[PDB]
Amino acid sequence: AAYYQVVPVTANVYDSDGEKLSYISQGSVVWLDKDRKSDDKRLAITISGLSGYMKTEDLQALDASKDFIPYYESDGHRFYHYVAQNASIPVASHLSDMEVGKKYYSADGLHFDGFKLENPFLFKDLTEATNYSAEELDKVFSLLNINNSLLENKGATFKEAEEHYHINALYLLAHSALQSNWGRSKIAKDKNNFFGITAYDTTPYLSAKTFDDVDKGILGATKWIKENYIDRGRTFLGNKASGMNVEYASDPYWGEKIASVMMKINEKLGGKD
């Protein structure tokens, strides 16, 4: 087949030496890479920018005439990634080279056969501060109709985290927005954990770290991200080939999803970043 889906809760992606490069989630769809050798035991695949090998034991062949394969499509205003059959995210503005309502396929969401996208927030250095003030960040809750969020009116805490730890506050707001549903997930509400800190795929709720209150959750997650990712050379969101997404989450499109939120917030707040 041309496309395969991940069967177990997570599966590893390996290099040609058998070393682990990353891991991806159940249901993820990988592309067969016809430029490298596959065998009965391992398939040469590509996912979210990463070219490696996966065990056939971890995969099920798809038929693209009847099974969902992730794709990109323009509505004539924004270009969307269908990351699941019933879920799309905006990743870029419409380009004149895009046909409205036509499905496009890409292993990285950057290179398409007739156009190339810039996803600047995906690769932005997260140690550079945002140009948004605390009050500006707080305005986006009303502008995006975000109701009953634990993160409402926390712009000052995000900017304090940025000041102390040197991590972009727009990224911190976007990461917490995406991963905890704007601080409305059960992990957010029960554990003040807005960033999926130690929320491992096997037992995400039980494994998730607990923080003392909302502010200590923002600051404590920022400390954890600084110490475990930024200080270890993972300084941008990225994908399965480079950046925080290699290790932070099994979801191949975690980085793209956070970059999409950054893009949405940035547009609502007047394009200062």
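When you see a residue number, it is the position in the sequence shown, counting from 1.
The stretch with the higher mean CA B factor, choosing between 138-146 and 178-186, is 138-146. Per the PDB record, of the two stretches 203-211 and 37-45, 37-45 carries the greater mean B-factor over its C-alpha atoms.
You'll see in the entry that, of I89, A169, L95, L122, the Cα B factor peaks at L95.
Taking the deposited Cα B-factors for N12, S16, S260, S25, the highest one is held by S16.
Looking at the C-alpha B-factors along this chain, the one for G52 belongs to the middle third. When the modelled residues of the chain are ordered by their C-alpha B factor, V30 lands in the lowest third. Sort the modelled residues of the chain by CA B factor and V7 lands in the middle third. The entry lists a Cα temperature factor for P70 that places it in the middle third of the chain's modelled residues.
In the PDB entry, a CA B factor belonging to the lowest third of its chain's modelled residues is recorded for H81.
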